[PDB]
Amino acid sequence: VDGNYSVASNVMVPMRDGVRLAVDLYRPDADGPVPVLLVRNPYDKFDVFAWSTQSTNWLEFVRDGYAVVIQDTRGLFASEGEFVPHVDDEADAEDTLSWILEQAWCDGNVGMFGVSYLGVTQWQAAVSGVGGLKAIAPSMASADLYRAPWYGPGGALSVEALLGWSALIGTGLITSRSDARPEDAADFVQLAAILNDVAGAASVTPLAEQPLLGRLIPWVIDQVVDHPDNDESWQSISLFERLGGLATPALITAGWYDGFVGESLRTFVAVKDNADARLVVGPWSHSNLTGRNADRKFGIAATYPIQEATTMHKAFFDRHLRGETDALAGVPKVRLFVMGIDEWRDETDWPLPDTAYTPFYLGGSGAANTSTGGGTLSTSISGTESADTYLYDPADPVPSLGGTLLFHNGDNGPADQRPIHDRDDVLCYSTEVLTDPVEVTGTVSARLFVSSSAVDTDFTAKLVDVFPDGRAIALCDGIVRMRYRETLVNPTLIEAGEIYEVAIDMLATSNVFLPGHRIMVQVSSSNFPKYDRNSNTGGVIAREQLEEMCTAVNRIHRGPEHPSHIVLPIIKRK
């Protein structure tokens, strides 16, 4: 009977090493084999409500004649084995895909879908070379784990992401275990204490000493904290260089305030030439898909459009798993939520064709320190040679507010920045009030001429939309850790007092700055706990006591011979 199905729980699937993973099978009432969709999940396959509201109404797929397989990852919940993040997922996915393809009920066409960790596992599956995998749909995902979510393109540790995720998975690992232990109860309390106060947890020095988290999940230290360079340990689990040779259709979803955004978008660019790639980007953070934030509301249309997403996924899988050649007729290649106008808009490509990468130069009379300083932004090079100077003290970093926070206050992406504007280490540069709209849609970066009293330090840049009422709404930001200015792989220190031209990767945005608004850039040397704090020593940052760290007098140079600027992806639509 069409629309009817059955569910088989805890079907045990043998991996190559004999370890069995648990799956649930959602199989339609049908008279032959059917196309199959796989979801690989470290948060209990049973608990479908927890993640699905962030993805698709995927029971519609089953009602429409797809089978759906949901799997517990190795060493979690009903699965056998031992859990270590990322390292087993390529092989386990290959073996899982092979098993599905052998079953009576599978017609030889398999796809995947799902969000975050359920998205990363899809790239790991796609590089396996299993011919029966016809399409993937990675949402809020990354193909380079160093670049997201653990470190970043600037070479700073995403400390809140690491500690929050570890505490979340830690809670799962305890719940999953062979038999309850006497220390379980106290461990839960401590994990809850971390999740209630991630910035506090991230503030303890040395950072690398994590009694609880290091015991529950040794990987947190052995892999992540201990490998600050993008070295061979990271390349091993990286998929990105392999993406260019793939020919697998991918339905890619991202959020402007999502921790994975830079890497999600990069995956689209990497696969678009060789296969049918699609892109959907909304104004969401990892834990807030509602479109509603404390000081910024995007409208009901901004709410994660789960039924539209479900329709689009089904059309996509119909095209690639069911060979229906017209299934994606009328479906755009790219669909973006353009903030400011606060509207969804169809595009033919990402980056947008007809992006004008435009420098906006830092300038102004007198110090740009604080929002009441003299800092300006202009499409013209600054006429006079100036410098803004501040003290960066690791004991007092600039607090993270909005942006791409995951676990520490990760539900307020477009955060009002006014609470940090009277700080002396926050340099502010803004345009005049705009008489006419300026659209900024694409990847964003800064080029700054900088110097320091230290042999290492950080520089941050943050793009901000200043509203008529004074709200200064965060759009996108990045960091450069100076030892990694040239390379993430082979860092070198800087000479105190010497001027360097450095790039800051500020990820991406889509915003129309409307008449009455200003374009604003904040520059500093910290953004904590989004990124860990640079010790200003040149040492092994995660191994240093706070008292071992140094302050740094940092300087931004601006003028004709040091034309520091932000590069904005300008779109003009008449």
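We number the residues from 1 along the sequence you see.
As listed in the deposited structure, the average C-alpha B-factor of 155 to 163 and of 490 to 498 is greater for 490 to 498. The mean C-alpha temperature factor is higher for 83 to 91 when 439 to 447 and 83 to 91 are set side by side.
Take 409, 190, 404, 267 and read off each C-alpha B-factor from the entry; 190 has the highest. Per the PDB entry, 241 shows the highest C-alpha temperature factor of the residues 343, 241, 263, 393. Sorting the modelled residues of the chain by their CA temperature factor places residue 65 in the middle third. When the CA B factors of the chain's modelled residues are split into thirds, the value for residue 27 lands in the middle one. In the deposited entry, the Cα temperature factor of residue 50 sits in the top third of values across the chain's modelled residues.
Among the modelled residues of the chain, residue 515 sits in the lowest third by CA temperature factor in this PDB entry.
When all modelled residues of the chain are sorted by CA temperature factor, residue 215 is found within the highest third.
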